Each structure stands twice: as C-alpha cells, then as structure tokens.
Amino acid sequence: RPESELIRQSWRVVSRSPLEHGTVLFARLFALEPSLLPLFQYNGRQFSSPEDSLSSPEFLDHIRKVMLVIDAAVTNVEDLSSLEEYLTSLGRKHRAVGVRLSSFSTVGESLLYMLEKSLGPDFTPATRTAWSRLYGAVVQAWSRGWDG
C-alpha cells in the first residue's frame, strides 16, 4: 500500500544510524517530560541530568532496543497483529518499571520530532499522518499491558 510505502521509505534513512537517531528521540523526550529521567535505574542509581543518560552504556543499549522495536513495527506495518502479544507484554513491562501509559504519547511526539528533523523537506504531511496512524496502532497494542 502507498501509506505502508511512505512509512518504509521514511524509516530507511534513520534506520541506517539508529543510535544517532534514537539519541535525538530520547533527548527530545527528556526535554518534553523531565520526570521520565529517574525511571532508568541502572546499578540502582538515578541520572541527575538528561546528559548523564547519554554516557551510560545500558541507557544507550536501551536506545538500540527501542529502535529495533520500531523497526519491527515497520516490517509489520499492515501486519501489525503479528506483534500484539509481544507489545502487550512490553507494555506490561513498562508499567512495571513505572512508565504511565500517558507518557507514551510524549514518546510518539518525540518519534515524530526525530523523523521531522531527519527528513526535513521529505517529511510530507501524508507521512506525518501515516506515522501517526502506525504509532497510534502500536500504542493501542501496548496499552493492553495496562489492562486498559
């Protein structure tokens, strides 16, 4: 489908350097919602500043995991069911770590922000809309983790 192609094609560029692009995503995320910072608790320690997170190997590893889940959604765009059980569990895991379902809308905004800045002129409003649909679909699946 044309919309599925809009997603695939846009993802191609940022998929080539996932850590660099995911770093933009998480920098934007903390700027928008600073209270997400303390939810990373590697070695039982809290990051004081957002820039502290960027020196942490485990935090950077987590960026790679996020970008790989998104890549999975892109491979399955139009095939989004295939991932429902995995997303529900991933959702439950985040509830357990203390992320509120609401904070995932901020994640969506950060993903769209990162795509916009990476695509520039290529970020057509059809692509913003398509990604909004895809992300909306990911979030619904995700949400089931919170039991509603």
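Sequential numbering from 1, following the sequence displayed.
Visitor: Averaging the C-alpha B factors as listed in the entry, name the stretch that ends up higher: 128 to 136 or 21 to 29.
Guide: It is 128 to 136.
Visitor: Tell me which stretch, 102 to 110 or 31 to 39, has the higher mean Cα B-factor listed in the entry.
Guide: Looking at the recorded C-alpha B-factors, 102 to 110 comes out higher on average.
Visitor: By the CA temperature factor listed in this entry, which of these ranks top: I70, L80, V97, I63?
Guide: Reading the PDB entry, the winner on C-alpha B-factor is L80.
Visitor: Could you place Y86 in the lowest, middle or highest third of its chain by Cα temperature factor, using the values in the record?
Guide: CA B-factor rank for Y86: middle third.
Visitor: Rank-wise, by C-alpha B-factor, drop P57 into the lowest, middle or highest third of its chain.
Guide: For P57, the deposited C-alpha B-factor lands in the middle third.
Visitor: Taking only the Cα B-factors deposited for this chain, tell me whether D122 sits in the lowest, middle or highest third.
Guide: For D122, the deposited C-alpha B-factor lands in the highest third.
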